[PDB]
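Take a look at this one chain, the form deposited without ligand GSH, written out in C-alpha cells.
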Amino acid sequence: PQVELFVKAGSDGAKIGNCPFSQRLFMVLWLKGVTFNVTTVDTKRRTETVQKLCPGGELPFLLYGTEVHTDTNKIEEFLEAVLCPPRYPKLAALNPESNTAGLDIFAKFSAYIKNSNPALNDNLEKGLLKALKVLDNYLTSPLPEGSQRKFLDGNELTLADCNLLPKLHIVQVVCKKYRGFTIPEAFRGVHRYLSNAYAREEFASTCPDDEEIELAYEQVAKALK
C-alpha cells in the first residue's frame, strides 16, 4: 500500500527542515527498502489537503494507503510490524540497552545550548561531556548478544541508530557553530560511530544541510555572555 511521509519544511518553505523525528522515520523507511514518498510542510502556509489530513498540525505524520498515522514512536512501531520479512528486514535492535544508550545526550545538549550564563555553562558542558562518555563506553564495550562494531547494536543499522544518529548530528552541528564545541577526540567510540554513520547514505543523505540546522537553532541557541 502507498506510503507517504509528511515532514517539516526548512527555511525556504520547501527543503526538508531540521527535525530529528522526520529524519528518524526517513531512515527507517529507507532501511526497510519500501517504496515511499515524502512531502514537506511549511507550518506557516500549509496546503488544503494537509490542513485536512492532519487537522492538529502534528509533524511528522504518515499516510499508509488512506490512513493517517501520527506520533513518531507509534509510526515507527507500525512500520517495524507491517514492513516485515521476508519482503523487508527487521530493524529492531537485539540488545535492549541499544535502545536507550545516548538518548539522554539530546536533552543535555538542549539545556546547554539554551543557557547563556557562563557560570552555569561550566556545569552543563560537563554534564554533556559526561553523557557523551557514557555513550562512548557503550560503543567500546562488547555487546552481550550478537568492541570494534560499527553501530549501536552490531554492524547493521537498527531502529536504535535511526533515533540517535539524527540527534547526535544536530548536537555536533549546533555545538560547533554556536559554541565552537566539538565532541572530544578522546571519545573514539563516539567518533568511529559517527564516521561509520556518515559513510552510510541512509544517514548522510537524510541530514538537512548544516545551514538549515544552524538556522533552526537561531532562536534557541544563545551565545555565552
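All residue numbers refer to positions in the sequence shown, first residue = 1.
The protein also exists as the form solved in complex with ligand GSH; that form is not presented, and the subsequent description refers to it.
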Answer option from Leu63, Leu59, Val50, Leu31, heavy atom within 4.5 Å of ligand GSH in the bound PDB entry: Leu59
Proximity to ligand GSH in the bound PDB entry (heavy atom, within 4.5 Å), stretch among 130 to 138, 83 to 91, 151 to 159, 70 to 78: 70 to 78
Proximity of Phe21 to ligand GSH in the bound PDB entry, heavy atoms at 4.5 Å: yes
